């Protein structure tokens, strides 16, 4: 049951189903997949589109001619399937030249090169119809304290993003940027480690309106944070431009499990939030089919990502629509949380004896919040065991 269609806006990076299985302790377990084949297979599964890093599509070092050809072949597969490309990004982490970062490398020549490599890909992304350009600064950071002066590094990071905003403005492109935070791995500590740090940083750029965040489930969970709470803050700020979905089992290396695996209750609350807030961007999967799998397992893993999202969507919708749940929400005062604390204004509050002098603290303290009953209704709904 639960079959996805392109209207569900499910997207996948070419590097997800294309991951060959090389890990820090082992060789590849699968042969390389041609991007054309991945587009075809994903389309068959009901995906809406694909995403790419420049180097996933055009082998690093390719001549302008080989480049052409890679693009032409890719475009033909998109035309043949109806698949879209809503987002693109730059690989500023694989090649040895980026060992100390791209935008924040200590070497100035590298920083310049990083910007040129990025701008080249922005042109390509626009050509392919992408509306979001993601930046994951996976090598921006350090393993030791004296290696990076963080204030200088943020000055460099701001400079790079401001230059990119100037470029898109000048070309008149309709494309926005999304910064993807990650707390660590591959660097000991990565700069702008969480959604909060990325949101704060954006506020210091020259044209903040061009930038948002691209949070990833597993990344925030690597810091032990509540992913749905972080997404709520991004939505509250009007900055959720894109989202990366996957699963992670706690604080450890980035597992990139299929969506729904990892913390299942957090997946439920995330879907509840995306659907309630009416998020309309792509539902992108940045995951890796385990290296234990063959190609059949790759497609099964990708299909499971979409299936899990649809099952959760159904259960969250049934939860919110259940009259008994609506009643429990009022019992727990969720309605009162939505009302202004003092629309009456400061003076009125200062003059209100019921707010202090005559406030019965003990009576208020004795009121139960009834959160456990509400949470068991949510559990019953998730498990399909009532409501």
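Residue numbers count along the first chain shown, from 1.
- Higher mean CA temperature factor between 361-369 and 375-383: 361-369, per the PDB entry.
- Relative to one another, 342-350 and 327-335 have unequal mean CA B-factors, and 342-350 is the one with the higher figure.
- When the Cα B-factors of 250, 260, 145, 183 are read from the PDB record, 250 comes out highest.
- Looking at the C-alpha B-factors along this chain, the one for residue 116 belongs to the middle third.
- Looking at the C-alpha B-factors along this chain, the one for residue 188 belongs to the lowest third.
- Among the modelled residues of the chain, residue 65 sits in the highest third by CA temperature factor in this PDB entry.
- The entry lists a Cα temperature factor for residue 51 that places it in the lowest third of the chain's modelled residues.
- Per the PDB record, residue ranking by Cα B-factor puts residue 169 in the highest third of the chain.
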